[PDB]
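Trainee: Dumping the structure here so I can ask a few things about it.
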Amino acid sequence: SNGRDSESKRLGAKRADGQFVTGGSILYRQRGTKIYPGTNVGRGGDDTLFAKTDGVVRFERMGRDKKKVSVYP
Amino acid sequence: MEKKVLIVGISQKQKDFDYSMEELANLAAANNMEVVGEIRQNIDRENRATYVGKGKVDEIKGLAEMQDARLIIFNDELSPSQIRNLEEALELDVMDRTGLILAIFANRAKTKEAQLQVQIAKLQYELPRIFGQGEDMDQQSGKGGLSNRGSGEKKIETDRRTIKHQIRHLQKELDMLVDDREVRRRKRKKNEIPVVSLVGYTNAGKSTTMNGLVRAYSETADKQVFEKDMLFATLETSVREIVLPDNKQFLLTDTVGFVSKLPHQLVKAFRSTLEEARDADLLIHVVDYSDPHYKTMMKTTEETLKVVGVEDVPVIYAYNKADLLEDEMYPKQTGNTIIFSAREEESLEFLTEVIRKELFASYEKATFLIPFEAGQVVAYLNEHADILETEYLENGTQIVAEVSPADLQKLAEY
Amino acid sequence: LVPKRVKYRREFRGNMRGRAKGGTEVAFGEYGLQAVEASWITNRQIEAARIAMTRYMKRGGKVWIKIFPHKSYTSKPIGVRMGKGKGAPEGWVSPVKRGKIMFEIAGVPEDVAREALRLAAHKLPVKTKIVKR
RNA sequence: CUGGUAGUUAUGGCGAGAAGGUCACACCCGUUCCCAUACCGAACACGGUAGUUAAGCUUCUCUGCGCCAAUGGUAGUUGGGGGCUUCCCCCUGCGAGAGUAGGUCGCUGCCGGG
RNA sequence: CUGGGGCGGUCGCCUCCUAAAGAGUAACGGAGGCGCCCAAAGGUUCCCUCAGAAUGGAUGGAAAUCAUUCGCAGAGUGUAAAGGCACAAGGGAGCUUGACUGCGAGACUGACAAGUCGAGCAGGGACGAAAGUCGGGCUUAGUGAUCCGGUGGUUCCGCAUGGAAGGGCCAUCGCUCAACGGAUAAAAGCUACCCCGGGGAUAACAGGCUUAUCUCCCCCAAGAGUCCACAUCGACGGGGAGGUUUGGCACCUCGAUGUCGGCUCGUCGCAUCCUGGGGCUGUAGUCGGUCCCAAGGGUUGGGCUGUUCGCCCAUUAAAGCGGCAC
RNA sequence: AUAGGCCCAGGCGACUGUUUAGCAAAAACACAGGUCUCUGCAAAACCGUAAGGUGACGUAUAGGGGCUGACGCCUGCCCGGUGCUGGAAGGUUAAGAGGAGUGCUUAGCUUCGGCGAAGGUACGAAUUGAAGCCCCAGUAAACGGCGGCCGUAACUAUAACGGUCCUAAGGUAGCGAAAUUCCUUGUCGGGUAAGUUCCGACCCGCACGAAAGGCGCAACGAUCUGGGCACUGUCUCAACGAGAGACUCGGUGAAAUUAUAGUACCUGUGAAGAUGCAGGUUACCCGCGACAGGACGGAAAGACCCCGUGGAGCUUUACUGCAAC
RNA sequence: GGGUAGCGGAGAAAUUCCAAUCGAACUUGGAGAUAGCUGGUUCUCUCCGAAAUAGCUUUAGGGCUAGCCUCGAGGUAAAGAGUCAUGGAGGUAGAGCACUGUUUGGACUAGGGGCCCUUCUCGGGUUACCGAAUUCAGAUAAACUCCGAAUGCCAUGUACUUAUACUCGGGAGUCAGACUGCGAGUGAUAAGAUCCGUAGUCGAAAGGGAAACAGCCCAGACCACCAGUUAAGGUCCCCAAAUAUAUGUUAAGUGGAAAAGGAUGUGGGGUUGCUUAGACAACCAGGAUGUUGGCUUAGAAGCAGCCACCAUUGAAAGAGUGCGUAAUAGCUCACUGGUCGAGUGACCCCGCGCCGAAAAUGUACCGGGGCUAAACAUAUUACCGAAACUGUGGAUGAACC
Ligand SMILES: Nc1nc2c(ncn2[C@@H]2O[C@H](COP(=O)(O)OP(=O)(O)NP(=O)(O)O)[C@@H](O)[C@H]2O)c(=O)[nH]1
Ligand SMILES: [K+]
Ligand SMILES: [Mg+2]
Ligand SMILES: [Mg+2]
Ligand SMILES: [Mg+2]
Ligand SMILES: [Mg+2]
Ligand SMILES: [Mg+2]
Ligand SMILES: [Mg+2]
Ligand SMILES: [Mg+2]
Ligand SMILES: [Mg+2]
Ligand SMILES: [Mg+2]
Ligand SMILES: [Mg+2]
Ligand SMILES: [Mg+2]
Ligand SMILES: [Mg+2]
Ligand SMILES: [Mg+2]
Ligand SMILES: [Mg+2]
Ligand SMILES: [Mg+2]
Ligand SMILES: [Mg+2]
Ligand SMILES: [Mg+2]
Ligand SMILES: [Mg+2]
Ligand SMILES: [Mg+2]
Ligand SMILES: [Mg+2]
Ligand SMILES: [Mg+2]
Ligand SMILES: [Mg+2]
Ligand SMILES: [Mg+2]
Ligand SMILES: [Mg+2]
Ligand SMILES: [Mg+2]
Ligand SMILES: [Mg+2]
Ligand SMILES: [Mg+2]
Ligand SMILES: [Mg+2]
Ligand SMILES: [Mg+2]
Ligand SMILES: [Mg+2]
Ligand SMILES: [Mg+2]
Ligand SMILES: [Mg+2]
Ligand SMILES: [Mg+2]
Ligand SMILES: [Mg+2]
Ligand SMILES: [Mg+2]
Ligand SMILES: [Mg+2]
Ligand SMILES: [Mg+2]
Ligand SMILES: [Mg+2]
Ligand SMILES: [Mg+2]
Ligand SMILES: [Mg+2]
Ligand SMILES: [Mg+2]
Ligand SMILES: [Mg+2]
Ligand SMILES: [Mg+2]
Ligand SMILES: [Mg+2]
Ligand SMILES: [Mg+2]
Ligand SMILES: [Mg+2]
Ligand SMILES: [Mg+2]
Ligand SMILES: [Mg+2]
Ligand SMILES: [Mg+2]
Ligand SMILES: [Mg+2]
Ligand SMILES: [Mg+2]
Ligand SMILES: [Mg+2]
Ligand SMILES: [Mg+2]
């Protein structure tokens, strides 16, 4: 009566902290905001975080319990 | 939370069918199952396909959903097919009276000898109900009727080597454990000590009568048998030395109880327990007089005893639980008939007297003259005979008593 | 001893590596029966050991059962090939890791405690040590 | 000195106690006008400043709650070896969680009034 | 597909655990969902905070609504589960249709087919004072290709030419094709009358591993045994040995390891049925019981059952239990 | 020398016949008899594309087909379903007939836009159009099917009689542990020292069951089952003798099989069962007569089992077809 | 002598017969049918060298694309590999109880149900019969998390080593895997089981060791050598090397299978009571008196059983430690002076051993012999030991001068 399961959705980080990315590069795939959009980063309709401009990826803390990813040129 | 069951009965011209149903309900309480429904159908001969008429099989299925009963209990032992036909028709689990008793024993049973007896029953009961399933199993999906070297049959020994071989092992094991009883009997038998065996219906009060006579008339009165208001409280024979205040000595033995429509497989096991009763010098049949169906209980008991092999044994029909009635007096006798209350001491003091009339008849009065030099013989008479008077002379001691013929050979010189 | 209900009817056997994380010091009674090596203690073994302790004390003093059988285990009947999904739940076990005080007793003298616990220990599939507070 | 407005994982929070007030801030008085209530000038909005530090507000004290937190030891563990292999032990590196010593009633920037 | 095959179950998609702190990861492993819904349950502006408990109050009851205090979420979030969410992604109200057209640097995911995210540009809008947000919904299921048909549109083609027929292109609709990458528009059984090609890749026999089960031996000792745990037994539990059972596995053999019982012939083990020696005994004696040593020899004629086995008759000192391809 | 063994009791089949050449001789087939049905003569049925035939040089007391199977006693209830037969003339449906209209085209007419006769052409509505099916009746020795519940039955009827519910109708007569019986080696008796077989009473099929016949039944059987007498090397338990072979000699002289072989045993090991590997233990070289434990001996690319988008034969309310009607 | 012929005949019916063929005859042809199946496929050396996986598949022992091999070519801040440093994502091990579930024992009140009840069980008084909260203490988790490693992963560097990487083409094979270690599932925390992950070896690897023994330990064979050094494993003999050195242990052939449990084995520690003003063992007296303590009982007189268990003489003796008696008598202990002249008695921990320990052809659970070390522990050093590495000579591929 079991035997079922969906395809795995290859979620999680797609570029590293300190890595140069082009504009539009997906940084993080996630359900909801495990990580929040930082500066020069946007949240897609499925919570995908992406670089709005070229630059270096930086994962920072944004207040005790939360976390964010920025892109600094 | 005791589960919900439903009980089904069929009067095959049975004398008191009403009781047999009440009893089966009492049994269902004992196994810890809550009787929600009572289905009675009054046919002459039972339907060899579905025990009940195929019409009722729907009338049950209807009441089993309205009351929400997980399984249904049938007052007679059901044939294998008789069961399968109901399993399908009802869509519910089914348990006949035999399987319901076999469950109660299996719980109640706390000695190896007992556990094996009941394992042998359950297996002998179930073996058939698996046979028809074990033969039907893989007749559809088989090895194309075995045109091969494999050899042997999947028809026979699928069951007969799974069950029936272990029934042979379990009987061989039970025989070994009942041959060990002859070695425990050995000393009593050799000492020719008279045995007063209690029988009767469950709850009759016989394990209580025993406890009574052990309080009053045992050198070690620390040891009482298990007594409780449940069906089949006792399942293993006890033997207790009873020494009367006069110094007469017998053994009092308390057995398994009986109950109407006792499975013909359990009956084979019982024979081993009632081994002491069949070899008894006296037989005390205890009936619950307070209950309405006591003439019904008593006859059902005797019919069982005949099957067990209790023949030509002096019987005493003690009627018990007199206190529950207001009309009847406590201690009374009318030949084999004796009315008494197992709770009360006066009752026992009276039952004791009735035993002393049946066993120690050969005990007669005799005079002895024992010199002072052989005091040991005075002690023997103080311990193994009832002294009426104790006279003292200058030459020796002169003592007149009730002694046995065995003592009238030993003390003959006196 | 049985969980009144369970989130999941079937459950991994798990493992018994390491010293028990808690319940390694007698905390309620005077004397305790400490597991020296790891083992599954079934509920049938806990009951056996409990009655054996209790009968010998004669309704005297207290008995704490410090382990509870939280974990079901399943079995396959004889004559059933492997596969066709996990077998039906059979019973209940407490995975006892080494150093876990399984029973504790107070309100009887040392000798009776020490005797009660050796009778209990003989019903358990694990090497035991009697320890006091 | 106080109003505004930021930054900083609560060492910043909560709770308790106390003091202060046209220099703002506040409550407070009113519903004529703009504007309000799925009813209500409570709120929102607008017009006042008689009244008051009582509350919020600001400053000061406190470790009751939280929060932060070593060292040491232990668990675990990469790699390398052993056993008596439900598991256990040794060597090398890394090293928690809990608990404890202790820390904390914030720190930092700009702008206006004083 | 399948711990042989059949029967049963399953077949596509989503969430979790298994999954070993990136991603991925199997089993007829453990749990649940889906084949939609919503004109607002979508967009935007503005405003807001839930559950529960305590306490007091008419019908009012434990629990309706009202008021106060305490309440980081113990609520809610259309719908499983996970990840999120109180600057709310949760709750109100006003206006709306961005549930827009053309696209799209660049990424993720993927054998392919497909799938996913996307700043930004243009057209023309919604809301907003503006900033700005808006290419459906907190996120992740709600689907199905091609071929062939149908309808709508069209500065495309139109078989000499003008048309037309018909085709193309754009948009959209019609099969549980669900065995869900869909053999066809259209598909059930028996074979013991069978045949060919193959396989020890895979079952039935025997062997092997395993030893749950089985047999035997033990530990503890509540009980039984006339008193009496241990003469003889021994529950609840616990620990082993053996490899005769019931099983598990599929490792040798399918270019054949060809058969149950009986007959003939035995041989071996000892966990001993008899006979020999001994300890204990509930060993007075007789007749027994039990354990230790002991494998030298011995260990049956019939009736019934195909029957191993069993039951029975009649014997015997005894009518042992196992192994050796049962 | 050559010439029946017999008897008692069952099952099945009436009987004599027939059959799987070469593993089945039977209880199977046939049979006389029975019944159903078709068939009016260029008969039906059958073979053949047809002609021509068989049927039959027959003619309903005859011919074909189905089922049953001498004889005796019997063969119950059900026509709702399926088939068959008949009826009725509504509904639906084909080709064919019919041709209202509508596209396309164009001689013109064009107020720009569009209209547009005639002819041609592509379609085409109503109406018309049979059998079958749908509907109604019959028919069971057609295919088939033949229940419950509640009381009184004092008995006794396993299955009556009286109420009810449902059904097309509720399994009648007879028979019943059977060539049929799961509980079951059913229970009691007989027969035996001992009887799961056998025979006979009770209980028993959820009712086995009446022409895929039910129940009887003399005669018959290389039929099956049980018992008895005779008789015996069947056996207790084997002995002796004869011939043929075997063996020796002379003559003649194959075969299957075969990687090469100087080819022990034990215990182990190993693709998990070793003459050949290890460690041991035994063992002088070559033959002859014998015996079969092993060489997983020989024989036959396993018949079982699975697999193969391999066959073949058979079935049907699988799909698609075809003859025939 | 004739007739019926294979999409057919014939059949007292069996799938029965139709030329030793019949569920559809024989023969020739279509025809070299087709065969995702089995078998087979022939000279040599050199260089490299897999896979047994994913996805989809009327697919599962077939195939296709990808992955992994090879050949060629290209470009190429070398983009690959390792380590260091730095940054980061991520919730496993462990742990924890803040949440969710599972759970033990107190304490605390609500209540209801037992229990009594002037009562309408409206209200009291009790409860340990349940009870839902509540706190205190204590547990537990694959699908709990206030926490949280080691590793692994992604990056960056102006770091040090190393030598691959990528792109495009030509050619493949593979899609049965096996075992071992570690982490999981399924199973019984069985399997030489099954299914993943991860590493290795086998596969496709010869050599040495493990008696023999694909998958274990050591280690990679280009060829030759009657050279050398080492690895695992060894050094009494088979059999090359120690009858090696030092200090201990074991008596079981333990070593050279096997547990619960059992025990006066033996070595070492560590606490501790008595002790030359005499212990402990034995031997020499004494071991009395009230008194047969009372009750109980026929009898119970230390000693069936119940209840008390005081004093006394001094050296001290229980209202008695075992036997004994019918009860008595009798023998014995405890408990004391005497003799004798050194140790003696409890408890805990560790090492190594013992029992528990029965299978089938033959010793048969060290390969054998045999071993009391030739066993074990700790420490040491020599040697033997491979096709490893080195030496010498030779052959050969690639790259670079
Ligand atoms: N009032 C009353 N109760 C009695 C009497 N005798 C017995 N009982 C009760 O009935 C119960 C049942 O009797 P009991 O002796 O235990 O059962 P039994 O007769 O041994 N039957 P079994 O052993 O088969 O169970 C007793 O436990 C006791 O409570 C009596 O004379 N009067
Ligand atoms: K134990
Ligand atoms: Mg997955
Ligand atoms: Mg969306
Ligand atoms: Mg009783
Ligand atoms: Mg299967
Ligand atoms: Mg299998
Ligand atoms: Mg992961
Ligand atoms: Mg044209
Ligand atoms: Mg598919
Ligand atoms: Mg047949
Ligand atoms: Mg074949
Ligand atoms: Mg195999
Ligand atoms: Mg396979
Ligand atoms: Mg097998
Ligand atoms: Mg074999
Ligand atoms: Mg396998
Ligand atoms: Mg062969
Ligand atoms: Mg022996
Ligand atoms: Mg026989
Ligand atoms: Mg055999
Ligand atoms: Mg005949
Ligand atoms: Mg023949
Ligand atoms: Mg024949
Ligand atoms: Mg004609
Ligand atoms: Mg017939
Ligand atoms: Mg006829
Ligand atoms: Mg008609
Ligand atoms: Mg008989
Ligand atoms: Mg026979
Ligand atoms: Mg009829
Ligand atoms: Mg008929
Ligand atoms: Mg007939
Ligand atoms: Mg004949
Ligand atoms: Mg010759
Ligand atoms: Mg050899
Ligand atoms: Mg021969
Ligand atoms: Mg052969
Ligand atoms: Mg073959
Ligand atoms: Mg046939
Ligand atoms: Mg022929
Ligand atoms: Mg061709
Ligand atoms: Mg060919
Ligand atoms: Mg190479
Ligand atoms: Mg953990
Ligand atoms: Mg976890
Ligand atoms: Mg394997
Ligand atoms: Mg692995
Ligand atoms: Mg290979
Ligand atoms: Mg090798
Ligand atoms: Mg070797
Ligand atoms: Mg090889
Ligand atoms: Mg050297
Ligand atoms: Mg040497
Ligand atoms: Mg080399």
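The way I read the labels, and the way they are meant: chains A, B, ... in the order of the structure tokens, residue 1 as the first residue of every chain, and ligand 1 as the first ligand shown, with later ones counted on from there.
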Please give me, as a ChimeraX atom specification, the residues lying within 12 Å of ligand 54 when counting only C-alpha atoms (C1' of nucleotides) and all ligand atoms.

Mentor: /G:234-243,383-384

Trainee: Please identify the residues whose atoms come within 12 Å of ligand 17, using only C-alpha atoms (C1' of nucleotides) and all ligand atoms, and report them as a list in words.

Mentor: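 Protein and nucleic-acid residues within 12 Å of ligand 17: residues 3, 201, 202, 249, 250 and 251 of chain E; 176, 177, 178, 191, 192, 193, 194 and 195 of chain G.
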
Trainee: Show me, as a PDB file with N, CA, C and O atoms (P, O5', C5', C4', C3', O3' and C1' of nucleotides), in the first residue's frame, every residue of chain F with an atom at most 9 Å from chain B, counting only C-alpha atoms (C1' of nucleotides).

Mentor:
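As written to disk, out.pdb reads:
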ATOM      1  P     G F 148     -33.202 -22.869   1.510  1.00  0.00           P
ATOM      2  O5'   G F 148     -33.311 -21.466   2.289  1.00  0.00           O
ATOM      3  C5'   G F 148     -34.428 -21.216   3.182  1.00  0.00           C
ATOM      4  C4'   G F 148     -34.516 -19.731   3.448  1.00  0.00           C
ATOM      5  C3'   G F 148     -35.086 -19.318   4.811  1.00  0.00           C
ATOM      6  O3'   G F 148     -34.013 -19.231   5.756  1.00  0.00           O
ATOM      7  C1'   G F 148     -36.289 -18.232   3.079  1.00  0.00           C
ATOM      8  P     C F 149     -34.274 -19.653   7.290  1.00  0.00           P
ATOM      9  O5'   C F 149     -35.462 -18.663   7.727  1.00  0.00           O
ATOM     10  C5'   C F 149     -35.135 -17.346   8.233  1.00  0.00           C
ATOM     11  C4'   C F 149     -36.415 -16.633   8.585  1.00  0.00           C
ATOM     12  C3'   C F 149     -37.253 -17.267   9.701  1.00  0.00           C
ATOM     13  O3'   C F 149     -36.699 -16.976  10.989  1.00  0.00           O
ATOM     14  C1'   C F 149     -38.651 -16.682   7.893  1.00  0.00           C
ATOM     15  P     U F 158     -38.751 -36.852   6.812  1.00  0.00           P
ATOM     16  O5'   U F 158     -37.377 -36.337   6.155  1.00  0.00           O
ATOM     17  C5'   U F 158     -36.115 -36.893   6.616  1.00  0.00           C
ATOM     18  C4'   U F 158     -35.610 -36.098   7.797  1.00  0.00           C
ATOM     19  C3'   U F 158     -35.427 -34.590   7.563  1.00  0.00           C
ATOM     20  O3'   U F 158     -36.647 -33.907   7.867  1.00  0.00           O
ATOM     21  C1'   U F 158     -33.403 -35.512   8.363  1.00  0.00           C
ATOM     22  P     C F 182     -14.577 -36.474   0.765  1.00  0.00           P
ATOM     23  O5'   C F 182     -14.666 -35.046   1.502  1.00  0.00           O
ATOM     24  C5'   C F 182     -13.436 -34.309   1.744  1.00  0.00           C
ATOM     25  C4'   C F 182     -13.707 -33.078   2.576  1.00  0.00           C
ATOM     26  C3'   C F 182     -13.569 -33.222   4.096  1.00  0.00           C
ATOM     27  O3'   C F 182     -12.200 -33.269   4.511  1.00  0.00           O
ATOM     28  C1'   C F 182     -15.370 -31.759   3.496  1.00  0.00           C
ATOM     29  P     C F 183     -11.931 -34.214   5.786  1.00  0.00           P
ATOM     30  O5'   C F 183     -12.732 -33.441   6.948  1.00  0.00           O
ATOM     31  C5'   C F 183     -12.516 -33.839   8.329  1.00  0.00           C
ATOM     32  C4'   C F 183     -13.446 -33.074   9.243  1.00  0.00           C
ATOM     33  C3'   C F 183     -14.141 -33.892  10.342  1.00  0.00           C
ATOM     34  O3'   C F 183     -13.338 -33.947  11.523  1.00  0.00           O
ATOM     35  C1'   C F 183     -15.745 -32.575   9.181  1.00  0.00           C
ATOM     36  P     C F 206     -24.088 -31.122   0.120  1.00  0.00           P
ATOM     37  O5'   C F 206     -25.316 -30.686   1.065  1.00  0.00           O
ATOM     38  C5'   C F 206     -25.060 -30.288   2.441  1.00  0.00           C
ATOM     39  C4'   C F 206     -26.133 -29.330   2.902  1.00  0.00           C
ATOM     40  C3'   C F 206     -27.543 -29.591   2.360  1.00  0.00           C
ATOM     41  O3'   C F 206     -28.244 -30.485   3.223  1.00  0.00           O
ATOM     42  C1'   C F 206     -27.006 -27.233   2.374  1.00  0.00           C
ATOM     43  P     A F 303      12.276 -30.631 -23.152  1.00  0.00           P
ATOM     44  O5'   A F 303      10.806 -30.803 -22.541  1.00  0.00           O
ATOM     45  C5'   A F 303       9.676 -31.027 -23.414  1.00  0.00           C
ATOM     46  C4'   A F 303       8.692 -31.905 -22.685  1.00  0.00           C
ATOM     47  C3'   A F 303       8.349 -31.464 -21.259  1.00  0.00           C
ATOM     48  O3'   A F 303       7.135 -30.727 -21.288  1.00  0.00           O
ATOM     49  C1'   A F 303       8.921 -33.803 -21.312  1.00  0.00           C
ATOM     50  P     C F 304       7.053 -29.466 -20.301  1.00  0.00           P
ATOM     51  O5'   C F 304       7.361 -30.153 -18.880  1.00  0.00           O
ATOM     52  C5'   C F 304       6.297 -30.838 -18.193  1.00  0.00           C
ATOM     53  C4'   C F 304       6.533 -30.750 -16.710  1.00  0.00           C
ATOM     54  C3'   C F 304       6.594 -29.335 -16.134  1.00  0.00           C
ATOM     55  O3'   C F 304       5.308 -28.907 -15.701  1.00  0.00           O
ATOM     56  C1'   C F 304       8.442 -30.637 -15.348  1.00  0.00           C
ATOM     57  P     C F 305       4.887 -27.499 -16.346  1.00  0.00           P
ATOM     58  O5'   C F 305       5.981 -26.535 -15.682  1.00  0.00           O
ATOM     59  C5'   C F 305       5.900 -26.250 -14.292  1.00  0.00           C
ATOM     60  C4'   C F 305       7.046 -25.347 -13.941  1.00  0.00           C
ATOM     61  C3'   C F 305       7.212 -24.110 -14.823  1.00  0.00           C
ATOM     62  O3'   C F 305       6.321 -23.086 -14.386  1.00  0.00           O
ATOM     63  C1'   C F 305       9.311 -25.159 -14.444  1.00  0.00           C
TER      64        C F 305
END

Trainee: Show me which residues are within 9 Å of ligand 27 counting only C-alpha atoms (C1' of nucleotides) and all ligand atoms, and format the list as a PyMOL selection string.

Mentor: chain F and resi 31-34+68-69

Trainee: Limited to C-alpha atoms (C1' of nucleotides), could you put the picked residues into a file as a PDB file, in the first residue's frame?

Mentor:
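Wrote it out as selection.pdb, contents follow:
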ATOM      1  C1'   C F  31     -26.383 -51.627 -29.926  1.00  0.00           C
ATOM      2  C1'   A F  32     -31.948 -53.059 -29.941  1.00  0.00           C
ATOM      3  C1'   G F  33     -35.456 -49.837 -27.661  1.00  0.00           C
ATOM      4  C1'   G F  34     -37.027 -44.500 -26.267  1.00  0.00           C
ATOM      5  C1'   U F  68     -30.948 -41.222 -24.246  1.00  0.00           C
ATOM      6  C1'   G F  69     -29.513 -46.430 -24.276  1.00  0.00           C
TER       7        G F  69
END

Trainee: Which chain B residues are at most 6 Å from chain E (counting only C-alpha atoms (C1' of nucleotides)), as a PDB file with N, CA, C and O atoms, in the first residue's frame?

Mentor:
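out_4.pdb written:
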ATOM      1  N   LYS B 110      -1.472 -22.358  33.546  1.00  0.00           N
ATOM      2  CA  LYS B 110      -0.179 -21.852  34.086  1.00  0.00           C
ATOM      3  C   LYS B 110       0.701 -22.992  34.623  1.00  0.00           C
ATOM      4  O   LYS B 110       1.554 -22.706  35.487  1.00  0.00           O
ATOM      5  N   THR B 111       0.531 -24.225  34.134  1.00  0.00           N
ATOM      6  CA  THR B 111       1.492 -25.346  34.335  1.00  0.00           C
ATOM      7  C   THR B 111       1.783 -25.998  32.983  1.00  0.00           C
ATOM      8  O   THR B 111       0.893 -25.965  32.123  1.00  0.00           O
ATOM      9  N   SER B 141      -3.128 -22.806  -8.567  1.00  0.00           N
ATOM     10  CA  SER B 141      -1.733 -22.427  -8.917  1.00  0.00           C
ATOM     11  C   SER B 141      -0.765 -23.520  -8.446  1.00  0.00           C
ATOM     12  O   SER B 141      -0.094 -23.308  -7.414  1.00  0.00           O
ATOM     13  N   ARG B 149      10.232 -35.179 -11.560  1.00  0.00           N
ATOM     14  CA  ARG B 149      10.882 -36.155 -10.639  1.00  0.00           C
ATOM     15  C   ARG B 149      10.700 -35.685  -9.193  1.00  0.00           C
ATOM     16  O   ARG B 149      10.803 -36.534  -8.289  1.00  0.00           O
ATOM     17  N   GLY B 150      10.466 -34.389  -8.987  1.00  0.00           N
ATOM     18  CA  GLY B 150      10.219 -33.802  -7.653  1.00  0.00           C
ATOM     19  C   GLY B 150       9.665 -34.812  -6.657  1.00  0.00           C
ATOM     20  O   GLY B 150      10.224 -34.908  -5.546  1.00  0.00           O
ATOM     21  N   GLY B 152       6.442 -36.971  -4.380  1.00  0.00           N
ATOM     22  CA  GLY B 152       5.603 -36.635  -3.212  1.00  0.00           C
ATOM     23  C   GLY B 152       4.326 -35.922  -3.629  1.00  0.00           C
ATOM     24  O   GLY B 152       4.143 -35.690  -4.857  1.00  0.00           O
ATOM     25  N   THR B 162       3.089 -30.400   8.824  1.00  0.00           N
ATOM     26  CA  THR B 162       3.068 -29.067   9.491  1.00  0.00           C
ATOM     27  C   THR B 162       2.373 -29.201  10.852  1.00  0.00           C
ATOM     28  O   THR B 162       2.994 -28.823  11.870  1.00  0.00           O
ATOM     29  N   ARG B 184       4.917 -39.705  41.630  1.00  0.00           N
ATOM     30  CA  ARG B 184       4.416 -38.814  42.706  1.00  0.00           C
ATOM     31  C   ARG B 184       3.276 -39.494  43.467  1.00  0.00           C
ATOM     32  O   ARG B 184       3.168 -39.250  44.686  1.00  0.00           O
ATOM     33  N   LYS B 187       4.047 -43.031  46.740  1.00  0.00           N
ATOM     34  CA  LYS B 187       4.096 -43.118  48.224  1.00  0.00           C
ATOM     35  C   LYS B 187       2.683 -43.293  48.792  1.00  0.00           C
ATOM     36  O   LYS B 187       2.507 -44.227  49.602  1.00  0.00           O
ATOM     37  N   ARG B 240      -4.285 -32.685  49.403  1.00  0.00           N
ATOM     38  CA  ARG B 240      -4.014 -32.115  50.750  1.00  0.00           C
ATOM     39  C   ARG B 240      -4.340 -33.158  51.827  1.00  0.00           C
ATOM     40  O   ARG B 240      -5.413 -33.786  51.742  1.00  0.00           O
ATOM     41  N   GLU B 241      -3.439 -33.341  52.795  1.00  0.00           N
ATOM     42  CA  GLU B 241      -3.627 -34.288  53.921  1.00  0.00           C
ATOM     43  C   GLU B 241      -4.618 -33.653  54.895  1.00  0.00           C
ATOM     44  O   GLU B 241      -4.355 -32.520  55.344  1.00  0.00           O
TER      45      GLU B 241
END

Trainee: Using only C-alpha atoms (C1' of nucleotides) and all ligand atoms, find each residue in chain E having at least one atom no more than 12 Å away from ligand 40; report its shortest atom-to-atom pair and that distance in Å (one decimal), rows by chain then rising number, as a Markdown table.

Mentor:
| residue | atom | partner | partner_atom_place_in_ligand_line | distance |
| --- | --- | --- | --- | --- |
| E:191 | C1' | ligand 40 | 1 (Mg) | 10.7 |
| E:192 | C1' | ligand 40 | 1 (Mg) | 8.5 |
| E:193 | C1' | ligand 40 | 1 (Mg) | 7.0 |
| E:194 | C1' | ligand 40 | 1 (Mg) | 12.0 |

Trainee: Hey, what's within 9 Å of region 339-346 of chain G if we count only C-alpha atoms (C1' of nucleotides) and toss same-chain stuff fewer than 4 positions away? As a list in words, please?

Mentor: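 Final neighbour list, sorted by chain and number: residues 272, 273, 274, 275, 276, 278, 279, 280, 283 and 284 of chain G.
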